[PDB]
């Protein structure tokens, strides 16, 4: 073993790890900042994790290994003044205005300033933030007046996407972070997945705001404003109201959306069932025509952009079915009027997503028809949360209400969409019933679930074996293709999500403090909410959605053909 003295307390351990990690595992407080995802800022260590080691001096605990004979002190005056100096220096480059800041209620930096009572040697107060702000992107926004240059976004992008779209840049001899050549992120190989935002300890990286689109549309007398949340929203937004993790708040969201003044409360899970109708039918179609295999999902715009930027040869292999968001939006301007009498142009369709990329998908030029946008606005989970708080809605104390069932009902299949393997399973539940023309009892495909990067399974459909795969994260898509796993066998249907764990870990999701990520498996705790809804729902198949069946019977007809194929589909091409 090793003998380690920390603050006078002796430890006898055989572990090989860092001071920070060992300290955290023994309830010994050590501050940190730039350390996240088992990596720190190598070229510019923040030194917030400084601790004293007798015979060595001050050392960074987040990358310093424990060694026998170490006598560590974490709270000496020499350590605190050092940490206080670094935080003070960061403040010299930080616009310290927490009042209007969108991270006011969960900023790692603010908590560090309060903790050490640090103050700026000179308050950073830029007159014009123009040069510091980049709002060119449809999904991302950079405010470099808040940027600590901790590199956590850069490292996050590398790990999650392996695109390294977020880079350190030298602008006029000044270190900043941004896209390649300081271009607009959209104009680069960036996936707009927002993982860089999630890793950001401050409000330096945020989503491109759409709240003005919403509030204007709401206050517009003639505008009929629809709202519909994604699957993952009802399993995460509760976190930003001190309700904890893994708490279902579906009913509370519906009520909150009515108090905010939305004219109609629908649900994207209804659109998730639609996507399954239009994707399960296509899978069966491609089987009969024998290809083109494999069929890739197309509901994740992060993946779409990844295909557009790295694998354009696969764009014709993507499912023509629109994403649950876009497919919902299409029906909102055509079907919903036909059952409400509303003038389509007065219909304003808003979605609540866990995703920053969804903003880019919704504003795609061709994502419309007859001048009518499928989706007019997308607000992240964080945006809706702020919208609720600004309205002074006591969310945690709201009583449950239901959505409007015309486009608000959803089966358990559409419910699990928010988790990696969700779309896959949901699609197989319908495709097997379609191909075999039956109503099979066994519908649970646990094989394609979980947090494994790459997941594969052999499924039987109409007395024939087919190979499916589920790519869990953009970095795993790169690995899947580069390593030649695609060519090792003939796959017939592949799911691809950009964010590891699925949309429950989207870029528009609530920020989780590093100390909570250690205590909670955010990806599984969030997904559990979705699977629990699937288990307790009467309808667990997309095509068993009564409200949707009505819609298809009375308006669209059959899926994968006629009117359905006409307007609910969207093909990508190189």
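We call the rigid core whatever largest set of C-alpha positions still superposes within 1.5 Å between the two forms. Residue numbers count along the first chain shown, from 1.
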| item | value |
| --- | --- |
| Greater Cα displacement in 6 other deposited structures of this protein once the core is superposed, comparing 453 to 461 with 67 to 75 | 67 to 75 |
| Comparing 71 to 79 with 149 to 157, the one whose average Cα B-factor in the PDB entry is higher | 71 to 79 |
| Residue range whose averaged C-alpha B-factor is higher in the record, 189 to 197 or 118 to 126 | 118 to 126 |
| Identity of residue with top Cα B-factor, from 441, 376, 409, 134 | 441 |
| Residue with highest C-alpha B-factor in the PDB entry, from 330, 269, 250, 464 | 464 |
| Entry-reported Cα temperature factor of residue 513, expressed as the chain third it lands in | highest |
| Third of chain Cα B-factors occupied by residue 524 | middle |
| Assigned third (lowest, middle, highest) for the C-alpha B factor of residue 255 | middle |
| Residue 311 - Cα temperature factor, lowest/middle/highest third of chain | lowest |
| Cα B factor band for residue 86 (lowest, middle or highest third within the chain) | highest |
